Amino acid sequence: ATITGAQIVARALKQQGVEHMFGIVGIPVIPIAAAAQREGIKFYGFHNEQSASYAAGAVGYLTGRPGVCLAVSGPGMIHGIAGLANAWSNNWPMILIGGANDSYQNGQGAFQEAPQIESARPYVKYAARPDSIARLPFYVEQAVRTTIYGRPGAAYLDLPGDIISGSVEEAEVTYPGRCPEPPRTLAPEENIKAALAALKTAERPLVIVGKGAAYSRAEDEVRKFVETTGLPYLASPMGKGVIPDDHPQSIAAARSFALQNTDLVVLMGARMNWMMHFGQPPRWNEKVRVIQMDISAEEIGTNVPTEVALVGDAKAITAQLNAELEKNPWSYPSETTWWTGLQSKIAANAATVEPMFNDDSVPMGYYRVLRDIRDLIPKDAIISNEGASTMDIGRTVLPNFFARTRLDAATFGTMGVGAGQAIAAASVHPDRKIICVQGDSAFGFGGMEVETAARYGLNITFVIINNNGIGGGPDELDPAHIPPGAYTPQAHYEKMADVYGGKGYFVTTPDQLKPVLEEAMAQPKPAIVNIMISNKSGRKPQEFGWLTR
Amino acid sequence: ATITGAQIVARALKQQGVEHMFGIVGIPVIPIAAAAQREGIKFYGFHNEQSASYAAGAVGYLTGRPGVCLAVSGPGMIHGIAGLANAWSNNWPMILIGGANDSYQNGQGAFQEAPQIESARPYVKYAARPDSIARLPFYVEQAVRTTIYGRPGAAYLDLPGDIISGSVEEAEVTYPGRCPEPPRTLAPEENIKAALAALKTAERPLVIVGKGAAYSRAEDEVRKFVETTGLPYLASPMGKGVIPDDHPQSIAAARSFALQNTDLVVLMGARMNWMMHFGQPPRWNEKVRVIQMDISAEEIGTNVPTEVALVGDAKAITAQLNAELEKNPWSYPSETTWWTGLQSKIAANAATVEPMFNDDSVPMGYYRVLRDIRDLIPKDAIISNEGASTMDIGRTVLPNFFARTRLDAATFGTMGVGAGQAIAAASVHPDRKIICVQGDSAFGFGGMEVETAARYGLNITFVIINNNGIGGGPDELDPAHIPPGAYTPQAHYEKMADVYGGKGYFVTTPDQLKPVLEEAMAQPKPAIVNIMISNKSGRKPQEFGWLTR
Amino acid sequence: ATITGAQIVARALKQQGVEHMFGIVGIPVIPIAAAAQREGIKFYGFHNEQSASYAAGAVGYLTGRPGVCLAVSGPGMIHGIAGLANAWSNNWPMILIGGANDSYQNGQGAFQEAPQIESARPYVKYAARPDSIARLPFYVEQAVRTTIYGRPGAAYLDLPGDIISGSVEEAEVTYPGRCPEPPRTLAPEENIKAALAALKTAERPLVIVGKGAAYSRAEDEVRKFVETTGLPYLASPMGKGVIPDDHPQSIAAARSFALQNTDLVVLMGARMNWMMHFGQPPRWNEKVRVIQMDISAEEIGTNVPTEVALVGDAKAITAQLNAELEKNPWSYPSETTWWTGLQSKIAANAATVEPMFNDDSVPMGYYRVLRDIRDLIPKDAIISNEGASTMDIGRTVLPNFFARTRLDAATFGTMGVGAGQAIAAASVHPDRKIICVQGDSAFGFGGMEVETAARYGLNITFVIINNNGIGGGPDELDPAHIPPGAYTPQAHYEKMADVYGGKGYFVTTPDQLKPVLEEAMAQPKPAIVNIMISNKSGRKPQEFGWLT
Ligand SMILES: Cc1ncc(C[n+]2c(CO)sc(CCOP(=O)(O)OP(=O)(O)O)c2C)c(N)n1
Ligand SMILES: Cc1ncc(C[n+]2c(CO)sc(CCOP(=O)(O)OP(=O)(O)O)c2C)c(N)n1
Ligand SMILES: Cc1ncc(C[n+]2c(CO)sc(CCOP(=O)(O)OP(=O)(O)O)c2C)c(N)n1
Ligand SMILES: Nc1ncnc2c1ncn2[C@@H]1O[C@H](COP(=O)(O)OP(=O)(O)O)[C@@H](O)[C@H]1O
Ligand SMILES: Nc1ncnc2c1ncn2[C@@H]1O[C@H](COP(=O)(O)OP(=O)(O)O)[C@@H](O)[C@H]1O
Ligand SMILES: Nc1ncnc2c1ncn2[C@@H]1O[C@H](COP(=O)(O)OP(=O)(O)O)[C@@H](O)[C@H]1O
Ligand SMILES: [Mg+2]
Ligand SMILES: [Mg+2]
Ligand SMILES: [Mg+2]
């Protein structure tokens, strides 16, 4: 009995817990996709590997096991570097499997001969070309384990065509056991006590809940910690829903005030990177104190010093914090000048946006449109939200009630992830509704993948919030002077639903919003709802712009 | 008087002969696109940088000056690596300009902070981050010159946002003169004589005309050489049209016989790489002798030894060959057993395909559909042809009469280039019709760019030859078992023309072909013609498959 | 009041805990070495950056803060990549600071213009070119912290000449506080319990003590763990001395038997890499069970599956194991079939080597020479031991009694480290004797650094065990057919002591060993002892070669 390299790879992947594979077939990886389907891995054929490789990283975030992207040699693999870099930037587990030319044609100018390991290297924890067919399971298990152990990240496997198509006797192949979940590392008890003692000295304490806490599956421990301590908290964009967004201790609507004035912040799986304005003035106080909880020791003390470091797994360390609070109870008072100032700011920002939610002017505004989207999203739906103002106002208006239910442009700020992340969510969660809310520019980066969603019967509804460009475009184009970020005015993207026999809707007036969105979400194929908005509409005013520089 | 980095870069690019810029704006490169338009560079806003970066390389091939791709920091630049690699593989001049985060935020986890120089490195002749605003023109001229001097190739410029947005006094900036065309290097006269003498010893000589001869603009000298010597010749796929494809000395229809039996080949700007089966058995004779004309000395003698090396520019060396033939006339006899065998093979392959051109069976075949496309392509049109069998049979059926009028997947075999290369051709040749003939899979890699063609008023007609997948897909999909390379059956891609107000046509029967194609090509917006074909249709049988392994 | 980039860098390095800098000056880094000395960093000018860069990584191992290598632009930096790679291979904290050409000359073909960041990249956790003079302390702190937090490793700082020589106002510069010691992470309680439960099921358990335990400074807890449990243990080559090598539970003289027959091993900061034969047959049992203690989660389960993963700091995790043994006491019985077999192999291997220690044949053998070296080494000396058989037999014959007192070719198997590691050890431990024991080939990789040791008054004695080549060479060279690994027969390397006015000794017969070594170790300048041995002498025979 013999077996091919392709069949060994597919068996090993399934044994290691891979359940989802996204890519595009061609020389030399056709038999890998075929073998993956026979092993029961779900294979999705995309229209571009760029989108497929973003889907793979999203699987890693959602499941804690790497999604796999399968790409042909040369340009196929290079298209997939996009997803390597997005997983690198977000510390998400993901594997790109790239075919390569037959090894005995190296140097000859073989079909799609390319330095693929060197191209992947900057973005991966692990890059390997297996030396022989019979050792393939060694490399598969090592790749999988390296993506999920330590700080999670990306890996690249380089498979020459002759390793894929060649055969060995089955008896020559040893398969490792399934890589177990990594141990959930703990902080020293002295550091646990030091974190809690420091909290008790703060006049204006703040907890930030980030997507590291979501990735760790720490949501029960984090909610218990925040409720026991009574602390104000802020969710990062993909930390939304770790604690339900309607929780009374959320100060999301006073975010700028909270960061500017806190004297002590607890970072629960969140970085002091650009998203948090580096922890630095003018957005933070120059003397802010930091308790930092991260699996990555090297991240501790980036940009601003850390007073108490909690290095390890967020679920395990937050459980240590909760155990120590049970031993030595403490909570932050419910009546303080901090709470009063936070509540004043929340109420003022609520009053500012309320008229915008209720403005029926045409062309419509973001808040008016997102109001009706919000009121029709099931509470356990997964939201894929991508764009500039479409995503930023979507972040504030569309709540999440469960962890890991918002997928957006994330740390790398990537356009091109929307449909791929929606398809990943549908594959992981076949029983949920997926709502994809994209700006019109965002939609165009991967718009062909609406047919992919349709072909695999995925429960995704596509909503486009269209202002004619990248932050808007004019109503009529001057052919001699097309703005660099404009598109065809009133582009009818919803006609793309006719490609696969779905329903497309073109919305311009507020009386259309509720009936159209309700009907669209009920369709047995993915509907596309193309909603025109004013090119003057934008977010509620802020003292500071989001891009600190 | 002061000037920004963005304005300096745009002025320098225009001074160096850059006329075409393709990309997507965003932080930090918005002011570069604006300044490029003010300087009179044509800027095209794409839906994905992947397609834009392929457009830039095509400009390099068509014009001999680099096309420029403009990309934002991080994922924008990484999307554009695709075009770097395609230009690397084809030795085409091309520049990717990537924004980068502000330099004073390095190390902080800045927005879209990424190792962009290291990501570009494997594919570029030149990668630089300018050290200061006032030296920007030094780097622009050095990048341009490096892409077109020597063996042409790709370059990457890394521009931190503060170099783009900062200003200096105009008096601090020196601008180099426009980089002149590189000198057209000559072979030693002894080698010229040796090449011609070797030709006179051959019993079965063959000339191969490749896209290096096209790039060199050598078409007048090459045609004169082939006609003076009376030699049989074969065009490579993008060498088609250097000599008009209806020339009586073409042996294209006997290609396999010609390569298998020639005893001496003249490579005029063509590599012995995978496209030519490495010059090795079983597709070539083991003792074949090679005269090799290439600008790259390092390419000489790859895979098979070269008997006479002609290193330098193809136009200049072919002129040397023609001058020596005028001094010492010679021609290959018109009546030889070689010619008789070539003509026998041509006639047999003509007889094999003639019934296929005339078969009206539905679902239709490739040859029947391509017959009617061929008969409506203007003789000076530019053809963009991409796919597997759509491109390979398009290569044989659709003739080219002028040099540099076919753009296809080229050396890297890339899917994703079709629409971008058509847009590049339209930008370079505003007075010509561009016909883009894509397989259905090929179409989906960059299908959103039909709106880009429409928005800029480009004279492109999109034809899709649709067999439901990558080499075909079934007529009905089993939801539990979707073939990895299949798409939605009878996908109505022509409805994408409704996005921008163009006309879409759905063709299934042969009586539709001529009226539909005629009307589509006459439209003032880009039409999409979606032509269904049998999933059993394929190319005429061959003794060997194209992928030697 | 203004300050240069060079002065900022030196102040930042000192503040971050850097104490030792090794390198060679020239354009553009001259002012950095001067500023370093003014800050009280110890600077050593070497004869080659290659040796200097190995010294920097050894400081990191010995101290837990990176040593720094200072190199000029272009070839200076490239010579120092050797030390980046050695630190990478051993997970030692180390910084290479390379000068670069002036930034405004990039692209021009500037003096020593080179792609230095890309050259360092494969071996470093961190590589940065500071964007501006005022942010230099940001990069220094970030580089230091990255080398010592998590799995320790190397960093590269790329300093253009105009960042070094340029100035800013002092008020423009902010200095981060000294990087605190890294947090010492712990294993889940259920894993601590599972480790101890597994030990109680084992018929033939074994502890392996590696240089990760030494780097962690876990020696007190490791000794307590091994003594409490009564387990047999094996030290890795640089794990020697974490427990004193004369400890009764060491099974070093039964190494192959122990690895072949153990059914459950506790890896205390040691890898299943080539040095442990990948944990695989034929050197290990196919069904061996593994409890693995390592700070690197990604290392867990390499080559063979791990049954209990103890991810975190070795000192902290061993303290966890000790605390649970206090609650639930257990020890391995002192009379078992396993102990009886281990002791039988120990006694047989002892009987095999005893006549080699007492063999007075000339030319001499390794064991007879190393016997007299051993008996003169002070118990708290640092040993630098490098070569092939010189190092491999030195490993078994020369005991260590304290942690971090043996420095050898380590995980990368590097020749070129011996003098640089001895100089590093002298700098870290000015109160100790440093003894450097090298094969003749190893000596030649960095032999000019004996003058560096003399110039800085370091308490180092250089011993060369000389068999005329790489594993030996002939007594007479056929001048037209020189064997690729041979050197001049009876090459008088000890005459190099005359370069700096030291004492060189040439030894051929056993009566000379003891008086020569005693006198040499007492010299006020570094002495060189060049000891000839037979080119037929070799190590004790083994069933298996070390290179699996
Ligand atoms: C790969 C890549 N390329 C480009 C960008 C730059 N970029 C933005 C943020 O840097 S965001 C946006 C779309 C906004 O346009 P939109 O979706 O229509 O949303 P809206 O504001 O008009 O509502 C674009 C193109 C990017 N981030 N990533
Ligand atoms: C970037 C990238 N990704 C994938 C491939 C693999 N690949 C092919 C050649 O290796 S070709 C083809 C389309 C054929 O399908 P098609 O267009 O519908 O043409 P047709 O034969 O059915 O007529 C595909 C997907 C590739 N080359 N480059
Ligand atoms: C940088 C580098 N270059 C070469 C080697 C290969 N190499 C050895 C590996 O095992 S070891 C040794 C010397 C043995 O010769 P020696 O010192 O005289 O010792 P001895 O056995 O004769 O007693 C040499 C040269 C190396 N490891 N690193
Ligand atoms: N299991 C885990 N426990 C704790 N931290 C984790 C875990 N997995 C990832 N992380 C950390 O979570 C942090 C998430 O930061 P970031 O992506 O910036 O979050 P956000 O964008 O939500 O602020 C990263 O620094 C990462 O190392
Ligand atoms: N100006 C020039 N003169 C001669 N050769 C050139 C010139 N420019 C590029 N080339 C060479 O032309 C060759 C084209 O080969 P290739 O791309 O394989 O052609 P094809 O695909 O048409 O066979 C390359 O090796 C390249 O170095
Ligand atoms: N503080 C620490 N605690 C635990 N493990 C550590 C620590 N520092 C380094 N390590 C680990 O120690 C291991 C040492 O293995 P190695 O260098 O192979 O040792 P040896 O050569 O002694 O077998 C490395 O895998 C490294 O990740
Ligand atoms: Mg928009
Ligand atoms: Mg097709
Ligand atoms: Mg020797």
Side-chain angles (χ1 to χ4, degrees), chain A residues 57 61 85-92 151 206-215 233-243 245 250-260 262 265-285 288 290 292-296 299-304 306 314 385-396 398 400 403-404 406-415 417 421 539 542-549, chain B residues 26-28 72-75 100-102 104-114 161:
Chain A
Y61 172 65
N86 206 59
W88 168 78
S89 180
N90 289 293
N91 308 112
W92 291 345
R151 196 183 208 181
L206 174 67
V207 172
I208 298 181
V209 179
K211 72 175 187 277
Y215 177 81
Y233 82 92
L234 170 72
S236 78
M238 280 181 64
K240 283 163 54 68
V242 175
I243 301 180
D245 280 342
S250 178
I251 53 65
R255 179 184 186 275
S256 295
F257 174 83
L259 300 191
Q260 179 93 85
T262 178
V265 62
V266 182
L267 302 170
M268 309 185 82
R271 287 177 284 197
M272 288 296 213
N273 67 354
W274 68 266
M275 222 167 262
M276 298 294 153
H277 320 289
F278 310 116
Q280 293 175 343
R283 305 298 305 271
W284 295 74
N285 183 272
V288 73
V290 175
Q292 187 178 7
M293 175 192 305
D294 204 299
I295 199 171
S296 175
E299 184 67 35
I300 300 300
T302 305
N303 293 321
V304 293
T306 289
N385 189 198
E386 186 192 30
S389 297
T390 293
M391 189 182 74
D392 291 342
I393 304 169
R395 175 177 57 245
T396 63
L398 304 175
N400 294 94
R404 300 171 298 286
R406 177 176 172 89
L407 304 160
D408 62 25
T411 299
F412 217 28
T414 307
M415 297 299 104
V417 303
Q421 287 186 336
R539 58 198 77 190
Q542 294 170 266
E543 175 183 7
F544 303 101
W546 68 259
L547 181 75
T548 312
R549 56 182 310 259
Chain B
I27 294 159
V72 304
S73 36
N101 62 271
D102 290 332
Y104 52 84
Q105 295 176 341
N106 281 359
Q108 306 200 275
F111 183 69
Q112 298 179 331
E113 185 177 359

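Just so it is clear, the values below take in all heavy atoms, side chains as well, and ignore hydrogens, waters and symmetry mates. Proteins come first, then strands; the chains are lettered A, B, ... in the order of their sequence lines, and each starts at number 1.
- Between the side chain of B:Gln108 and the backbone N or O of A:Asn273, no donor-acceptor pair lies under 3.5 Å.
- With hydrogens and angles disregarded, a donor-acceptor distance shorter than 3.5 Å links the side chain of A:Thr396 to the backbone of A:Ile393.
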Does the pair A:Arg539 and A:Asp392 meet the rule for a salt bridge (charged side-chain N to carboxylate O under 4.0 Å, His left out), with working shown? CA-CA 8 Å; A:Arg539 58 198 77 190; A:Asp392 291 342; 2.8 Å; yes
Any chance you could lay out the side-chain contact (heavy atoms from CB on, under 4.5 Å) test for A:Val266 and A:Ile208, step after step, and finish with the verdict? CA-CA 6 Å; A:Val266 182; A:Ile208 298 181; over 6 Å; no
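- A:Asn303 contributes atom CG, which lies 13.0 Å from atom CE of A:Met276 (distance to the nearest 0.5 angstrom).
- Put simply, the side chain of A:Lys211 reaches to within 4.5 Å of the side chain of A:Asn90, judged on heavy atoms.
- Heavy-atom minimum distance, A:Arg151 versus A:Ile295: CA-CG2, 4.1 Å.
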Going through the distances and angles, do A:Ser256 and A:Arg283 end up as a side-chain contact (heavy atoms from CB on, under 4.5 Å)? CA-CA 7 Å; A:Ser256 295; A:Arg283 305 298 305 271; 3.1 Å; yes
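- A:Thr262 has its side chain within reach of A:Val288: a pair of non-hydrogen atoms, C-beta onward, lies under 4.5 Å apart.
- Across every non-hydrogen atom of A:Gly210 and A:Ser236, the tightest pair is CA-OG, 3.4 Å.
- Using a 3.5 Å distance cut-off with no hydrogens or angles, the side chains of A:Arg395 and A:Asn385 do not pair a donor with an acceptor.
- A pairwise comparison of heavy atoms in A:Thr306 and A:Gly301 identifies OG1-N, 3.3 Å as the closest pair.
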Verify side-chain contact (heavy atoms from CB on, under 4.5 Å) between A:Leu547 and B:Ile27, making sure each step is shown before the conclusion. CA-CA 10 Å; A:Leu547 181 75; B:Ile27 294 159; 3.7 Å; yes
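- Judged by distance alone, the side chain of A:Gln260 and the main-chain N or O of A:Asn285 form no donor-acceptor pair under 3.5 Å.
- Closest approach of B:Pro28 to B:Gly161, counting heavy atoms only: CB-CA, 3.7 Å.
- Side-chain contact between A:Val417 and A:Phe412 is absent, with no heavy atoms from C-beta onward closer than 4.5 Å.
- No side-chain heavy atom of A:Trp274 sits less than 4.5 Å from a side-chain heavy atom of B:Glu113.
- Taking OG1 from A:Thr411 and CD from B:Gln112, the interatomic distance works out to 11.0 Å, rounded to the nearest 0.5 Å.
- For the pair B:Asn101 and B:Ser73, the minimum side-chain heavy-atom distance is 4.5 Å or more.
- Atom-to-atom distance recorded for A:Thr548:OG1 and B:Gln105:CD is 7.5 Å, nearest 0.5 angstrom.
- For the pair A:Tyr61 (side chain) and A:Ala87 (backbone), a donor-acceptor distance under 3.5 Å is absent.
- Between A:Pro237 and A:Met275, the shortest heavy-atom contact is CD-SD, 4.0 Å.
- Counted by atom type alone, A:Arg271 and A:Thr302 present zero donor-acceptor pairs between their side chains at under 3.5 Å.
- Side-chain contact between A:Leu206 and A:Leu259 is present, with at least one heavy-atom pair separated by less than 4.5 Å.
- Taking CE from A:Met272 and CD from A:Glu299, the interatomic distance works out to 10.5 Å, rounded to the nearest 0.5 Å.
- A distance below 6.0 Å separates the ring centres of B:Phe111 and A:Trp546.
- Taking CG of A:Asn91 as the start and CG of A:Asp294 as the end, the distance is 8.0 Å to the nearest 0.5 Å.
- Of all heavy-atom pairs spanning A:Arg549 and B:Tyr104, the tightest one is O-OH, 3.0 Å.
- Atom CG in A:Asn400 sits 13.0 Å away from atom CD1 in A:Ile243 (nearest 0.5 Å).
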Can A:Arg255 and A:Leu234 be said to form a side-chain contact (heavy atoms from CB on, under 4.5 Å), step by step? CA-CA 7 Å; A:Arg255 179 184 186 275; A:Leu234 170 72; 3.8 Å; yes
